[PDB]
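Notes to accompany the following structure.
Cβ coordinates were reconstructed from backbone atoms using ideal geometry, including for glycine residues, and neighbour counts include every protein chain displayed. Here, each number is a calculation from the coordinates, and none is a lab measurement.
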Amino acid sequence: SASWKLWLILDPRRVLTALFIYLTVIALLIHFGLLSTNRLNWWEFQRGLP
Amino acid sequence: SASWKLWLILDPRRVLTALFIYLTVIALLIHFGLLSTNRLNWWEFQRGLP
Amino acid sequence: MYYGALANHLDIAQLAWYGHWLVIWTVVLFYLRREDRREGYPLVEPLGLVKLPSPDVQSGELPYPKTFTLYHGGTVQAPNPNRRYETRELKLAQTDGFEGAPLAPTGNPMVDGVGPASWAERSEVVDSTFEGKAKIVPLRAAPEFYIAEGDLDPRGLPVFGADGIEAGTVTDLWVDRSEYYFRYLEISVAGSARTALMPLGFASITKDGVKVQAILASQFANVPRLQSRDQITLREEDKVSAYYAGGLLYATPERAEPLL
Amino acid sequence: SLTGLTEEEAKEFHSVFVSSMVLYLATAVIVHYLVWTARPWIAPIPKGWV
Amino acid sequence: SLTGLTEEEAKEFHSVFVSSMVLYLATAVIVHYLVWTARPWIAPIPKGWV
Amino acid sequence: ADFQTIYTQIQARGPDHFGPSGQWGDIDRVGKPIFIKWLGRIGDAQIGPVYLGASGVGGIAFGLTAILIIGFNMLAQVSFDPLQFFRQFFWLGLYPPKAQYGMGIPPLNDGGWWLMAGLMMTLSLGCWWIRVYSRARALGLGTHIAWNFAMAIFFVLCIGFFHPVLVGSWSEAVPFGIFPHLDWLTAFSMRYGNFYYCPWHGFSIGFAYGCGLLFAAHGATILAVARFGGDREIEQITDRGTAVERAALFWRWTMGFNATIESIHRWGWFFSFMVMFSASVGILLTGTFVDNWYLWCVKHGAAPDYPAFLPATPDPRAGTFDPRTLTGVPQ
Amino acid sequence: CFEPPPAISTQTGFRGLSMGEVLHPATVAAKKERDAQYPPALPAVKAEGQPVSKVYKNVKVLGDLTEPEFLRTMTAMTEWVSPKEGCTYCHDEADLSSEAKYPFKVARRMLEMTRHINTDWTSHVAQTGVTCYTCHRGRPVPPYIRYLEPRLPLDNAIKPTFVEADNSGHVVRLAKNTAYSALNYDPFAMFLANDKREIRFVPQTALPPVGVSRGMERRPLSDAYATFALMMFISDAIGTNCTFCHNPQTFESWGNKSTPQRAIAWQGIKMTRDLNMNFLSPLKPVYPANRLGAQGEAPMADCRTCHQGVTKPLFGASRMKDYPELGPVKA
Amino acid sequence: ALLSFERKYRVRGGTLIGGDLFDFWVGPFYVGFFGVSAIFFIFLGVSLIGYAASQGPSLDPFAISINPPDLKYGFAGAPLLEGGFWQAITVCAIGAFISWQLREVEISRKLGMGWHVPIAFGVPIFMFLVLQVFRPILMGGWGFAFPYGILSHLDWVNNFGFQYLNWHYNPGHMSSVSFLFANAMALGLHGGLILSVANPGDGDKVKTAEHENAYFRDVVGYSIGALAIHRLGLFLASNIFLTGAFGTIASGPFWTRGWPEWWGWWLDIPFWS
Ligand code: BCB
Ligand SMILES: C/C=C1/c2cc3[nH]c4c(c3C)C(=O)[C@H](C(=O)OC)c4c3nc(cc4[nH]c(cc(n2)[C@@H]1C)c(C(C)=O)c4C)[C@@H](C)[C@@H]3CCC(=O)OC/C=C(\C)CCC[C@H](C)CCC[C@H](C)CCCC(C)C
Ligand SMILES: C/C=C1/c2cc3[nH]c4c(c3C)C(=O)[C@H](C(=O)OC)c4c3nc(cc4[nH]c(cc(n2)[C@@H]1C)c(C(C)=O)c4C)[C@@H](C)[C@@H]3CCC(=O)OC/C=C(\C)CCC[C@H](C)CCC[C@H](C)CCCC(C)C
Ligand SMILES: COC1=C(OC)C(=O)C(C/C=C(\C)CC/C=C(\C)CC/C=C(\C)CC/C=C(\C)CC/C=C(\C)CC/C=C(\C)CC/C=C(\C)CCC=C(C)C)=C(C)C1=O
Ligand SMILES: CC(C)=CCC/C(C)=C/CC/C(C)=C/CC/C(C)=C/CC/C(C)=C/CC/C(C)=C/CC/C(C)=C/CC1=C(C)C(=O)c2ccccc2C1=O
Ligand code: HEC
Ligand SMILES: CC(C)=CCC/C(C)=C/C=C/C(C)=C/C=C/C(C)=C/C=C\C=C(C)\C=C\C=C(/C)CC/C=C(\C)CCCC(C)C
Ligand SMILES: [Fe+3]
Ligand SMILES: [Mg+2]
């Protein structure tokens, strides 16, 4: 496989920074979105159940 | 095993500064998110249960 | 009964309103307009009917002159007694007897330097940096200045006139060393052994070449000449810019005519 | 090289990058299984659902 | 190199960086266990939760 | 079109040179200049170096403290929830006291934090004014900018501090917040009866529109003579070229009078200064000497009146409540 | 974020003052369709027999009626309040005289309240009047009720999200109860639950009077904010803008500066305060715990409860002639 | 009657229409065909304002109000006392503004200048057209336009704003206000900087463009430059009206609710409730 030649053109530092920011944003969206739901909020006392 | 070569291109100072800021933002988010709950708030008198 | 009352129908805000108007109009008429009269005054009436005060006395509308002490040397006054009179023998004839009547060039206004081709009687000195070097210089004489990386280098480009005819070749850029800003293109004009400066504002530059709406190709030959090769005086800058500006109205007769 | 790396630097970085990405994804898979054991988030089709 | 670190500076920085990162993560693990003893933050599935 | 007046196509680069030396503080001119390319299209590409100085540090320290107080109280307003802080930011605010305490220092929970933030911002503005003034002095320049800035700061003090003093209540002051300080605009206008009828509101707006007109006209004028070197305004002031002769003639032929390349800047300074001066006078008059600007205009015969379109409807509460209860505490 | 043209515009003020309603036709049509669900009046019945407080055992409000008319009233009430549950919502299946179920007692007080509205508040409801459907819209719980703290969503049949019920949502709960403004006040609890506060805050003289204008003798500016919040709420609840009732040139003035709708709105404010103080709040001990607020208070009514975003409830649909037993009551 | 440097610039040509017919000066004023039309519209419009004011209820200068027709009249010509005078004065104002702009074009052609000033003057003309013509066309009548009076057009602005319950929340308004404040501040800074450089103090030397760059690089870490500050001033001043026009034209034709509710697009995103 010649996939490694990607790093001759794609600048590993740019890719690492982009992945760092991108995955952080996704993880923050998921954690805080789950905390905005009654069903899947694991911090608060259980709400929204009869 | 050649991971140390990362510091030949990625500028230890930049990574240290970014990690400092990033871990600080994450820690503030978590501490303040916990303080916004009744169940896991440790500063205030206990709320959310009789 | 009320705060702010001065009589039955006089209150503080009412008086402050007129005080505000007094402040505004005293500043405007007593100070700002006097400042506005530090150039071009006293006014002249070449075709006047009555006698005005002599131009060399402080006639009443004139502010008392202030002194600018120049950074690199002497002093200038404002109003400037040395710039008070203009002596050039403009090549212009009256189209009608009164001052409000426009003048008409007596031939080749761009070369003569009248109308939009007029240049001011600036000092014949090279504008300088705060370190004392000539401010505006070609890149051949300022190797420490260069085009920013990845920006279009115009040297070697063909220069076309307003009529689409090729007029010359860009040979150099002239940079303002105080401002770090390109201000002129030097053009080797085809058909002579002669270079002409052109303000970068008259140039539309692409990768194909530069186009000049201001003047025809053949008129590049008559651009005013720099006395020195690698420096330019303030009056020379005025002359060179005014040549192309005059071409905006005079390059062809049609440019001086109305639509309807 | 358009990114300043030598070919062997490109290959060393590529090997470490792929190993790290795969390890991250594999631990994500395991973690998702564990979280499922805590909260089975895709509920079965409810009774009236169509 | 692009960062100014020599080969040996890069190796020594890598070693200390990895050791610091591992120690930080390990104390985070221990601290999370202690906090769990203080607050068991992932409650078991409540009765009517689906 | 002179495309140079729109943007810079061919940017120039040169030596990294120290600017003109100041009488002091060259030691505190710090930073390696950086050159960002898209900025050089619309202006100068160079960022830095920046001067530190003592007054700059003071401005930063007081301003960061005030920002910290405001932001923390905003965060407390959403009970420290970060996602909700992000969502609700524009609606959040640190408020001056809602109860009437006069000019007494209010409790932390009802205006004390607002007061501390206001003091910190005032001190940061004071330090930054010192920086503006003393940098002008250090470089051998006049202090015109600092006095324009002083007028702006004075207006800030009028709306945050001086009017509350003059009427005797902290509750009248501006809250910190994106939408909340606009809410204050409307509430303050209503309390004093339609600021559209305050003459100094009118003066301040006249000069603000005049700043719009003057900067549009002067910027367009300088761009229009940019091919004659009009942008080199200092040299034109000292040795007037054809650029400013053409500018003066354009305005003279348009409206019968004109400025000079120096005096148009005096006009601009004056108009910007008068925005803040008129605003300050209006705020200092409001409440202290005028209670209802619309009724003040009616008293002085200036307010227009209009026929009713739908039938005119008398006050259904006329003579049923004490008029002192409108603005005064009953007991 | 976009409403396609054209808008519908009315003129409520003198020409050139840009005063009047601005409406989206699709919104109007949707509200018209919603409100047209008003059940038609039940067919009239012959009013002959002996009065119902001879045949029946536990009639305390509608005693003057006869069995056919009284039964028709009950059929209308079950259509208006509990169409899904039917007669069993209020009544014991076997003993129709039994008042064991709390909706029975509430509905008796509601009959008295509706008669009071239709008799003593014609200055607001005019000859349109109200029925149970005006607020209930065919539900036991009216879609828009109020407590001492604002709640989301506005329609209480919709289950709130986590944030809408969480502390971190507090500011949003304020904003969406005052037409999304950032005003930091709950104007319902301040002004419409009772009549303790004065809505008016604008001075009625040009100059500040001695004794009400300095320090602790002044009302705080928070009152201006609170009234602005109330006015935003009213505009949203009635589905109009400020120029429906005001010439904003002077909000405080009447005569040619206010519309007849402003006088009607004052009567509405009085009526809402009266309904909350005398009919809805004193019902607290009758309700179960799940109908009460955070402070344990009974649910109340505001302008939105009847109007539901329309300047006239149900666009002025009336049943006053068809059900005279709901008012006006001839003494 | 001439500035001491003026005579060489007073040449024929550059007119858009009229040629040598109106190509002359009266005192300092250049006339031209559009100077003639500007004087026509100015005299007619001011005289119509004078007569229409004379027939209104108050002759106090600040209480005079010439109002557009009722909404019922739509786009029809109104009786003169009931909006027809407003229509005539509106037409005169448009003719005067456009004549003034075109005379500026002729003057700048005569002087070999760029047309930046009449083009910039186009922006307030466009805003006037948005207020008095385009939005009234979308709303369906001349009655939606503002009246002519020192305080009455403020009443129109006020009531228009409160027709949308808080005009401060209009996003176009927020952009427009930000540009207005930025422009006033930038004009203060620019006037102050030029004056400080040219007027250092008592017997001190006029400084240089390097001092201009150094001052702002010291104070804020950035200097935009001498030409660029004029470009920026024009940009900010223009964007006051260029971005305000969007809020204005949207209010009613594109948005009938309160402006604070428009921010529900952000507040009501389901992800964060
Ligand atoms: C309660 C209602 C409010 C309101 C209602 C409002 C509306 C409805 C509108 C604005 C608009 C605007 N508002 Mg807002 N306003 C603004 C500022 C602004 C401006 C930035 C902006 C544009 C003004 C304009 O278009 O003029 C127009 C000026 C023109 C057209 C000048 C034309 C000049 C003409 C071409 C030439 C005339 C020449 C003379 C006749 C000649 C004179 C001759 C001489 C010789 C005497 C501030 C800074 C504030 C504050 C501090 O709160 C505020 C509060 C309010 N506004 C209140 C909240 N305002 C407008 C906007 O853009 O909104 C998005 C707009 O439509
Ligand atoms: C009519 C004339 C006017 C006028 C005039 C003049 N105006 C001047 C001058 C003159 C003459 C100067 O000389 C001076 C200056 O130097 O110019 C370069 C200045 C200035 N006008 C500023 C802002 C301004 N002018 C406004 C209005 C008018 N001006 C009116 C229109 C408005 C409006 C309307 O909103 C604004 C916002 C600053 C940029 C500057 C002061 C900086 C300061 O005092 O700093 C004080 C220092 C601090 C507050 C510390 C800040 C620390 C960090 C960066 C901030 C926190 C960061 C942290 C990460 C937290 C994040 C959250 C946080 C962002 C929230
Ligand atoms: C964004 C850019 C802006 C900008 C820009 C520029 N601005 C310019 C130029 C540029 C570039 C010029 O080149 C030109 C000029 O020469 O400058 C000296 C001009 C000018 N900007 C004037 C007024 C001005 N600019 C405003 C706003 C901005 N300017 C914004 C900020 C405002 C506001 C906001 O109120 C005002 C009042 C005049 C002084 C002058 C026009 C002369 C005219 O047009 O002559 C011709 C017309 C007359 C002299 C009078 C016409 C009278 C009619 C017939 C009868 C009255 C009708 C009217 C509708 C009644 C209104 C009543 C009222 C109570 C409601
Ligand atoms: C009346 O005219 C005026 C205005 O118009 C209204 C103004 O706006 C202004 C500016 C601003 C205001 C009045 C509003 C804010 C002002 C307030 C609250 C009062 C004035 C306060 C200030 C100007 C700054 C406040 C700063 C502090 C209290 C901290 C002081 C600490 C400092 C300066 C650093 C500590 C260092 C030392 C004490 C010694 C060493 C100092 C140095 C080496 C450098 C100091 C340099 C200088 C130039 C003083 C002035 C000065 C003015 O005269
Ligand atoms: C026979 C016949 C038809 C005759 C008709 C002749 C004719 C057309 C007459 C016209 C008469 C009329 C209508 C006159 C009215 C003229 C007008 C509109 C006057 C308004 C003046 C006002 C209020 C201007 C507001 C802006 C203002 C405060 C300007 C003052 C500051 C000045 C002078 C700015 C102009 C100006 C600017 C903007 C520069 O940048 C510049 C740069 C370098 C040198 C000079 C200047 C300069 O003078
Ligand atoms: C709640 C909203 C009710 C529904 C639904 C129905 N009824 Fe009712 N009913 C209600 C009240 C509050 C009262 C008391 C009236 C009073 O003035 O005191 C009644 C009374 C009756 C009676 C009289 C009982 C008696 O004493 O004999 C009858 C016979 C009766 N209602 C019948 C009835 C029927 C048939 C209904 C279904 C269509 C019905 N009611 C609905 C309140 C409510
Ligand atoms: C006499 C005595 C005893 C005392 C006098 C004290 C004194 C002089 C007080 C003066 C008060 C003054 C002048 C107040 C003036 C206030 C004014 C005019 C405010 C106006 C507008 C304010 C606005 C728009 C503020 C917006 C602020 C923000 C959006 C801040 C946002 C902050 C953050 C995101 C930081 C988050 C930080 C994180 C840790 C939570
Ligand atoms: Fe300038
Ligand atoms: Mg919470």
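Overview of values
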{"item": "Order of G:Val210, C:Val240 under a 10 Å beta carbon neighbour criterion, fewest first", "result": "G:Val210, C:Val240"}
{"item": "Residues C:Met198, E:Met21, F:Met274 arranged by fewest to most Cβ contacts within 10 Å", "result": "E:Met21, F:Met274, C:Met198"}
{"item": "G:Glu48-G:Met277 pseudo-label distance in nm [points 7 Å out on the Cα-to-Cβ vector]", "result": "4.7 nm"}
{"item": "Taking all pairs of distinct alpha-carbon atoms in region C:88-157, Kirkwood radius in angstrom", "result": "16.7 Å"}
{"item": "Relative contact order (percent, whole number), chain F, Cα cutoff 8 Å, 6+ residue spacing", "result": "16 percent"}
{"item": "Burial ordering of C:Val57, G:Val141, fewest other beta-carbon atoms within 10 Å first", "result": "C:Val57, G:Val141"}
{"item": "Relative contact order computed over chain C (Cα-Cα under 8 Å; 6+ residues apart), in percent", "result": "16 percent"}
{"item": "Helix C:12-25 axis, angle to chain C major axis (alpha carbon atoms, nearest 10°)", "result": "40 degrees"}
{"item": "Candidate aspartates and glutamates - alpha carbon under 18 Å from E:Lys47, same-chain residues fewer than 8 apart omitted", "result": "A:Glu44"}
{"item": "Per-pair calculated FRET efficiency, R0 = 51 Å: G:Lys57 and D:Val22 via Cβ, rounded to 0.05", "result": "0.05"}
{"item": "Chain E: angle of helix E:7-38 to the longest principal axis, Cα-based, in degrees nearest 10", "result": "10 degrees"}
{"item": "Estimated FRET transfer efficiency when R0 is 56 angstrom, pair H:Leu21-C:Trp21 (beta carbons, to 0.05)", "result": "0.85"}
{"item": "Given charges at Cβ of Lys, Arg, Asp, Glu: the protein assembly as shown dipole, positive-most of C:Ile24, C:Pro253, D:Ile42", "result": "D:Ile42"}
{"item": "Over 29 Å [Cα-Cα, chain C], rounded percent", "result": "52 percent"}
{"item": "Inverse of mean 1/r across different Cα pairs in the protein assembly as shown, Kirkwood, Å", "result": "37.3 Å"}
{"item": "Eligible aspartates and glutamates near G:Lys159 by straight Cα distance, threshold 16 Å, same-chain separation 8 or greater", "result": "H:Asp268"}
{"item": "0 to 90° range, to nearest 10: angle between helix F:242-255 axis and chain F longest Cα axis", "result": "40 degrees"}
{"item": "Principal axes of region C:39-181: Cα extent on each, largest first, Å", "result": "63, 44, 21"}
{"item": "Alpha carbon convex hull of region C:157-260, projected area averaged over orientations, nm²", "result": "7.5 nm²"}
{"item": "Span-rule helices in chain H, defined as complete DSSP H runs reaching 30 Å or more along the axis (Cα) with Kyte mean at least 0.0", "result": "H:32-54, H:84-110, H:171-198, H:226-250"}
{"item": "Cα lying deepest toward the dipole's positive end in the protein assembly as shown, options F:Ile261, B:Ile26, F:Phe62, charges on Cβ", "result": "B:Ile26"}
{"item": "Taking region C:60-122 and dividing mean pair separation by its residue count, relative contact order in percent (alpha carbons under 8 Å, at least six apart)", "result": "20 percent"}
{"item": "Protection proxy ranking of C:164-174, G:244-254, F:19-29, H:129-139 - average other beta-carbon atoms within 10 Å, highest first", "result": "G:244-254, C:164-174, H:129-139, F:19-29"}
{"item": "Spin-label pair G:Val329/H:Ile42, simplified geometry with 7 Å Cα→Cβ offset, distance in nm", "result": "7.6 nm"}
{"item": "Given G:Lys57/G:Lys101; G:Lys196/G:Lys312; C:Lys135/H:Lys207; G:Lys196/G:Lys284, the pairs whose alpha carbons are separated by over 22 Å", "result": "G:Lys196/G:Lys312"}
{"item": "Peptide-level mean, for B:33-45, of C-beta atoms on other protein chains within 10 Å", "result": "6"}
{"item": "Partners for G:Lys60 among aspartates and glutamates (Cα-Cα distance below 14 Å; same-chain residues under 8 apart left out)", "result": "G:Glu99, G:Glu112, G:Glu325"}
{"item": "14 Å beta-carbon shell around F:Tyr51, net charge (K/R +1, D/E -1)", "result": "+2"}
{"item": "Flagged links, alpha-carbon separation over 23 Å, of G:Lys32/G:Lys105; C:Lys207/C:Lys239; G:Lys105/G:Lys176; D:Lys11/E:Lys11; G:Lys54/G:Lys105; F:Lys299/G:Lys257", "result": "G:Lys32/G:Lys105; C:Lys207/C:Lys239; G:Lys105/G:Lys176"}
{"item": "Enclosed volume per residue, in Å³, of the convex hull spanned by Cα atoms of region G:17-72", "result": "164 Å³"}
{"item": "Region D:1-41-region G:44-90 distance, computed between alpha-carbon centres (Å)", "result": "75 Å"}
{"item": "Candidates C:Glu186, C:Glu124, C:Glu144: whichever shows maximal mean-square fluctuation once chain C is modelled as a Gaussian network with Cα springs under 10 Å", "result": "C:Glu144"}
{"item": "Peptides ranked, highest mean first, by Cβ atoms within 10 Å: ranges H:105-116, G:14-25, F:98-109", "result": "H:105-116, G:14-25, F:98-109"}
{"item": "Label point at G:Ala26 placed 7 Å out along Cα→Cβ; residues across region H:255-273 whose backbone nitrogen lies under 18 Å", "result": "H:255-259, H:261-266"}
{"item": "Nearest-0.05 FRET efficiency for A:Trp42 and A:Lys5, computed from C-beta distance (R0 45 Å)", "result": "0.55"}
{"item": "Nitroxide proxy distance, nm - points 7 Å out along Cα→Cβ at A:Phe20 and E:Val35", "result": "2.3 nm"}
